[PDB]
Amino acid sequence: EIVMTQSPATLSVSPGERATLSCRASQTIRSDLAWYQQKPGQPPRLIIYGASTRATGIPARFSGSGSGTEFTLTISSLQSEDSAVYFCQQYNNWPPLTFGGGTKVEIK
Amino acid sequence: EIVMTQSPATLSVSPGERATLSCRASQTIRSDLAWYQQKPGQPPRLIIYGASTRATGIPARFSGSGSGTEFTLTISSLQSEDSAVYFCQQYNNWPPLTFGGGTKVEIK
Amino acid sequence: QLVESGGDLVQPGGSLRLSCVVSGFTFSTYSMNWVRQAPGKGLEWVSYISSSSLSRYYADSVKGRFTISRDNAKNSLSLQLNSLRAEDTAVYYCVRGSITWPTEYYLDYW
Amino acid sequence: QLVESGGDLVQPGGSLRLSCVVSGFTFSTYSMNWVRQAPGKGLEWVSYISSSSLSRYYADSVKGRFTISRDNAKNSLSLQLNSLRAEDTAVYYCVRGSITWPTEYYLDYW
Amino acid sequence: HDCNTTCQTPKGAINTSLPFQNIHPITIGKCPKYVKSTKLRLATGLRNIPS
Amino acid sequence: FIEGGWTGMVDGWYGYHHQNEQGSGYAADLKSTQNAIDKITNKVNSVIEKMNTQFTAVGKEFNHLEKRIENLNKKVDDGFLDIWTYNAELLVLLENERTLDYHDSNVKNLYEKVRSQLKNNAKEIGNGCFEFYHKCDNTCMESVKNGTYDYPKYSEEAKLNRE
Amino acid sequence: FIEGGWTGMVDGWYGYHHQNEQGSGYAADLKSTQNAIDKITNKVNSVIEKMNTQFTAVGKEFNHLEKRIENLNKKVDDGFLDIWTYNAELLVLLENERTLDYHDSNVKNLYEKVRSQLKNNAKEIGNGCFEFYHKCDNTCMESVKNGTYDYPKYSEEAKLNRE
Amino acid sequence: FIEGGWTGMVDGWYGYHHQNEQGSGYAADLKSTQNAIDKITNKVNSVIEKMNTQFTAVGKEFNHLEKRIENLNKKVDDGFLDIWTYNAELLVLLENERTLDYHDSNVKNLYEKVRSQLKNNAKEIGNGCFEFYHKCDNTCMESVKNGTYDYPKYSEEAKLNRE
Amino acid sequence: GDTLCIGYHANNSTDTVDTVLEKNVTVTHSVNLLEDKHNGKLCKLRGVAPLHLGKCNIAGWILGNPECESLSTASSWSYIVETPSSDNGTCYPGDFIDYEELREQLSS
Ligand SMILES: *[C@@H]1O[C@H](CO)[C@@H](O)[C@H](O)[C@H]1NC(C)=O
Ligand SMILES: *[C@@H]1O[C@H](CO)[C@@H](O)[C@H](O)[C@H]1NC(C)=O
Ligand SMILES: *[C@@H]1O[C@H](CO)[C@@H](O)[C@H](O)[C@H]1NC(C)=O
Ligand SMILES: *[C@@H]1O[C@H](CO)[C@@H](O)[C@H](O)[C@H]1NC(C)=O
Ligand SMILES: *[C@@H]1O[C@H](CO)[C@@H](O)[C@H](O)[C@H]1NC(C)=O
Ligand SMILES: *[C@@H]1O[C@H](CO)[C@@H](O)[C@H](O)[C@H]1NC(C)=O
Ligand SMILES: *[C@@H]1O[C@H](CO)[C@@H](O)[C@H](O)[C@H]1NC(C)=O
């Protein structure tokens, strides 16, 4: 299937600082991608349901962007509430659904 | 359902005299009404199948008229053959079909 | 065109089988109903059945007591009257309904 | 809106019955899937079932060992894990899929 | 007469928003086109079938 | 397909008639009716709205020795008259053909919405009518008309009453 | 839907072909054919009948010093020519598209009349054909073609021969 | 009928989406797509190609004492302008209505090709989708899309998995 | 015996239309695209009254034929109206040169 990886294993910025995460696919996805934010001990929460389109109940702090194989999550101002593990999924090619390993965002 | 009543319980005129019967509904029928003429010992015969439209095999002596709740049967010239009990039915609202009590027409 | 059998009378609490056979009609394209004329009273509709047999109606006054079945291959209509009351003594008639069922239903053949 | 039971743990070679019940969803218009989070690892999709029950998918890593059944009248999803391995110890989650199945399937409710 | 129009023909003023007229070939103003037809009825409704 | 229309149905162009133990009557399918109305209303307006006449003056006056010009002016008026008359007649006939087919299409689509929704819980009988195998009271009739009918809910009763 | 037409069918535009123990051949469905003919005949006549030319005289004569008028007259003739030519070409193409779809619609409706009438007493095979499960002799074929077929009459034979 | 279109389907106007154990994605139905394209392309060209303007010169000059002629010339230009503007607007609207219905018709016909081919080996679910009762791998999906599916081959598996 | 029927509206309308294939089709509702009414009056165009010369023609009015003296003078005219019976102008016999051009210029 489509292999998803995430290079910025650790993203660590001070409170209020702008920060981003990247996701890369081995195959073209064409924006059929979704982003999650997982708090420790919890199931992951969906934050962006399309590669860039924001999920219901999610603040303006998060938005995404992307193209064929490269996708980005932007956090406009990291909050004390946002240290979390972030993940990309894909749904362009999915007998199985697949996910990347995920990365952590932390606050200085 | 729709309650049908007939006020002129007895209509009695001399031979050849013009005579009419009225039918009244508790609810609008909108011409979805039928008239019957019953000879003693017989099933009733259908005379007018619509509120006003004449049934097949019925002479010009009978015709009707009507509106939302009020209907009339006109007998242009009562014949020696016509003493009978007349009835109105309705079919505008009919899980059951309903009929009024019926009235008698007699000859002087 | 239609022959009727009223079932004769029984005392209250008993039951009766009523039956009609039609020869002048297809009895497959037409619905049928029963109308009851008590002596001294007006004309009361009692029950209805469609030709598909899937559709039946009864007057509230007979619900739970009267039932209809038909057999199109025999051109026959059956009515079973259970738990009879004194009030059920009446002349029963079989009436062939109009062909135009969903709109104008005026009981043209008795 | 969704309650999950992980089945507790058994030693390798054994089996477990996992089960979820949903009350906030119709569970007749939605497909469901299982996702497994091993401690210290990323998030792995394991299996999927459509609401018609005619359509099921499994990850290669669990084929021949895991199976899904559901009963829409009970709002419940069942997963049977056979021939368990040490690698199967993980947190299992029930996830309600998107309504727009043939196109965008993004796992919105956990 | 003391009246207002947007189209005037020798038979009298025409007051309409419809595209065609069959009143007269000669007009002054922002007039409907003259046609030789006696009827241009455009259905909007259902085929009307009482039965 | 369907033999004729209904007169008791006075609340819209398209709709349903029902009969059940609790009552009977007619009601419009408002979504279907309103969409048909808006489509057609806009169609009529388009035919009218698209023509935009400039302020003009049609009559012209010519004298004793200007007959060739007068005849040229007539030629122009006659040419325009034939074009407008011919096009106007054909436009109306063509639009009428389509309006009537449009309406017939909508009736069939309404029928299919119901047929697909009811599946095996009702017998399809003909002339636009269905019969339920299971008891279908006022709550049921509304869910069928509204596109919210629960097929599985009645499938047991319906199959038992089928044979 | 259907691969092509029939040449043995020479008594009308639409129809049936049959084969049974007692014979075979083609026959037109006269009600369908005549209605299609009347519809189309009227259509053609409408296109022709609606144009109504006034008695006219097209040519005009201008002299040595009237060139601007002569050119005005030409402008008028050319304008009318382009309008009529363009509209005539499009009208014909548009009408032809619809005539052919009209005919295709009628064929499908004929097919459905039969499919609905036969129900489970015949296998639907394809390319416009059905096969009866029960014996269907000349009397049967006529009742199917005429819309008078008795489904219940043969349902026992047909289901027995189905499996 | 169908809620909306697909964006991953970038190889043609009409097509299929599939998901099976071995993969998923979109592919165009090339025969359907190409025929729709050729039909429409020819339609557009016809609208353009049919008009054939002669070399002309529109402007005319008139003097101080030729006002009636100047106004005649204006009358001619205005008449032609209204005819062309009105006809052009209606032609485009009429053609657009039909182009869009044409496309919708083709989608339904594609659906029916498959429904008729699959028969009882797949559940019809809705919104343009079918589910196979039997395992249907890439070889199977291609035979369904290509019109070469073998119904009998899978009928045993499909009925066993139905109940 | 619960049932449901699908159908369409009927009315008492006698309005018919023609179609390409059929003639005299009765429809429930229709709109008239052809105007066949006029008010029998000569009205103002865009708010301006016509010049009504009555029995005089334009040459009479402009030259001052003795019988056109009674006509009033408007400061602006939207159009000019002459009756078919008009016959007053060029009372001293002779030609009026470019009369038609003058008439055209004065129309408004
Ligand atoms: C005609 O229009 C003018 C405005 O331009 C208005 O004052 C006048 O009252 C209108 N005349 C009539 C008869 O309505
Ligand atoms: C012209 O007709 C409309 C109705 O279509 C009316 O409202 C308007 O007042 C009329 N105009 C005049 C000047 O009478
Ligand atoms: C019909 O749909 C409306 C929403 O448009 C809903 O409020 C109503 O309850 C529904 N009726 C039935 C019988 O489900
Ligand atoms: C076909 O219909 C006609 C009436 O139009 C009838 O006379 C004829 O007997 C019918 N044919 C069959 C086979 O039923
Ligand atoms: C599809 O049809 C082509 C011929 O046009 C054939 O060569 C090809 O093998 C077919 N594909 C399948 C899956 O049958
Ligand atoms: C239809 O009936 C109504 C009364 O209910 C009447 O006012 C109306 O004029 C009638 N229309 C026609 C076309 O006869
Ligand atoms: C339509 O009806 C009119 C009478 O209103 C009649 O003169 C005309 O001949 C009829 N046309 C057709 C085709 O029946």
# chains A, B, ... in the order shown; residues from 1 in each chain; ligands from 1
>>> residues_near_ligand(ligand="ligand 4", cutoff="6 Å", atoms="only C-alpha atoms and all ligand atoms", output="ChimeraX atom specification")
/G:142-143,146,148
>>> residues_around(residues="segment 34-43 of chain H", least_positions_apart="5", cutoff="8 Å", atoms="only C-alpha atoms", output="mmCIF file with C-alpha atoms, in the first residue's frame")
data_model
loop_
_atom_site.group_PDB
_atom_site.id
_atom_site.type_symbol
_atom_site.label_atom_id
_atom_site.label_comp_id
_atom_site.auth_asym_id
_atom_site.auth_seq_id
_atom_site.Cartn_x
_atom_site.Cartn_y
_atom_site.Cartn_z
ATOM 1 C CA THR H 99 -25.957 18.503 -22.101
ATOM 2 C CA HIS H 103 -24.483 13.219 -18.898
ATOM 3 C CA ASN H 106 -25.015 8.096 -19.347
#
>>> select_by_dssp(residues="chain C", states="strand (DSSP E or B)", output="PyMOL selection string")
chain C and resi 2-5+16-22+32-37+43-49+56-58+66-71+76-81+91-96+109
>>> atom_distance(atom1="atom CA of residue 2 of chain H", atom2="atom CA of residue 32 of chain H")
17.4 Å
>>> residues_around(residues="residue 86 of chain A", least_positions_apart="6", cutoff="9 Å", atoms="only C-alpha atoms", output="list in words")
residues 21, 35, 36, 37, 38, 44, 102, 103, 104 and 105 of chain A
>>> interface_residues(of="chain G", to="chain F", cutoff="8 Å", atoms="only C-alpha atoms", output="number ranges by chain")
G: 47, 50-54, 56, 58, 60-61, 73, 76, 80, 84
>>> closest_residue(among="I:23, I:29, I:41, I:9", to="ligand 2", atoms="only C-alpha atoms and all ligand atoms")
I:41
>>> interface_residues(of="chain E", to="chain F", cutoff="8 Å", atoms="only C-alpha atoms", output="PyMOL selection string")
chain E and resi 17-19+26-37+40-51
>>> residues_near_ligand(ligand="ligand 1", cutoff="12 Å", atoms="only C-alpha atoms and all ligand atoms", output="ChimeraX atom specification")
/E:1-6 /I:41-49
>>> write_last_selection(atoms="C-alpha atoms", output="short mmCIF file (atom, residue, chain, number, x, y, z; two decimals), in the first residue's frame")
data_model
loop_
_atom_site.label_atom_id
_atom_site.label_comp_id
_atom_site.auth_asym_id
_atom_site.auth_seq_id
_atom_site.Cartn_x
_atom_site.Cartn_y
_atom_site.Cartn_z
CA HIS E 1 -55.53 61.06 -21.99
CA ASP E 2 -53.50 61.79 -18.92
CA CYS E 3 -51.99 58.28 -18.54
CA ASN E 4 -48.48 56.90 -18.81
CA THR E 5 -47.02 54.14 -21.02
CA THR E 6 -43.79 52.68 -22.26
CA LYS I 41 -55.99 55.74 -25.19
CA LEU I 42 -53.06 57.74 -26.37
CA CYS I 43 -50.71 58.05 -23.32
CA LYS I 44 -47.54 59.89 -22.41
CA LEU I 45 -44.25 58.27 -23.35
CA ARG I 46 -41.79 58.40 -20.55
CA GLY I 47 -43.89 61.12 -18.91
CA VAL I 48 -44.22 63.42 -21.92
CA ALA I 49 -47.49 64.23 -23.65
#
>>> closest_residue(among="E:38, E:8, E:21, E:15", to="ligand 2", atoms="only C-alpha atoms and all ligand atoms")
E:15
>>> residues_near_ligand(ligand="ligand 7", cutoff="10 Å", atoms="only C-alpha atoms and all ligand atoms", output="list in words")
residues 14, 15, 16, 17, 18, 22, 23, 24 and 25 of chain I
>>> residues_around(residues="segment 60-73 of chain I", least_positions_apart="5", cutoff="8 Å", atoms="only C-alpha atoms", output="ChimeraX atom specification")
/I:53,88-91
